[PDB]
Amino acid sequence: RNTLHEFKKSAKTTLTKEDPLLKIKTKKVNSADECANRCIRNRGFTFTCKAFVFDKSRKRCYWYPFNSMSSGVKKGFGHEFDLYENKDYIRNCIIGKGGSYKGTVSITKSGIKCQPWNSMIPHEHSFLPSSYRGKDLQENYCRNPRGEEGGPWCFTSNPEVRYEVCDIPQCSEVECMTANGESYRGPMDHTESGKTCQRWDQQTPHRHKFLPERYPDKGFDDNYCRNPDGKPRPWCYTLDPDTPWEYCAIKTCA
């Protein structure tokens, strides 16, 4: 299995609020991917895991309920640590239907302040968080708890408009490309047929010559679509063992 690709790596970094010790669940493991799975599946947690640090030497990983952007939390440094923040919480963009969007946009297309989900004012409604556990209906952030076609949306703070889609750019269009896209550096991580890009720093399921350390110019972070070798457009090794690689379909700057 695999979930490490769901995460945004920031090397030699770690996290800390400062609070009176505070519960920070920890456990020895073999790999970072092992931390990943536990994190996204939340098994044995009294809370939701947004990020986690892995200690490459001690081979321990620590699970956090917040991330580098959370309310008052300092970062740091550590030669032997790596921080892995879930992409669902930090991206400023959507893959397709936006079922997994957990960023912090709280404004509709037409620009209305969203109504908080813990509220029935102005609009009465069934989407209490209690019923949509793990869909993160917090504050008044746009969400898409049922994975429907409109993408993320929210109840509106205008009595007249009950709900409305939030205009969140698609990861394929936020940073746009140009020429053969050798300069593309945007955050798209899925291929044209919808397959999921394998992380450049990994050699599995596909072995490949592109070690990020040997290629400081190409932007081989995480699993983002890139074009190091001058194809007609950016591309990625996939997570399907049956397809070594595949083009990504990034929107051009028009």
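In case it trips you up, residue 1 is the first one in the sequence shown, and so on.
Taking only CA atoms, the mean B-factor in the PDB entry is higher for 76 to 84 than for the other of 138 to 146 and 76 to 84. Looking at mean Cα B-factors across 149 to 157 and 127 to 135, the upper value is held by 127 to 135.
The PDB entry assigns its highest CA temperature factor, among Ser70, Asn223, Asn227, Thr191, to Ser70. Going by the entry's values, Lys56 shows the largest Cα B-factor out of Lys50, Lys56, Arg207, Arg214. Per the deposited record, the Cα B-factor of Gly219 falls in the middle third when ranked against the other modelled residues of its chain.
In the deposited entry, the Cα temperature factor of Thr196 sits in the bottom third of values across the chain's modelled residues.
In the PDB entry, a CA B factor belonging to the lowest third of its chain's modelled residues is recorded for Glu246. When the modelled residues of the chain are ordered by their C-alpha B factor, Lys231 lands in the lowest third.
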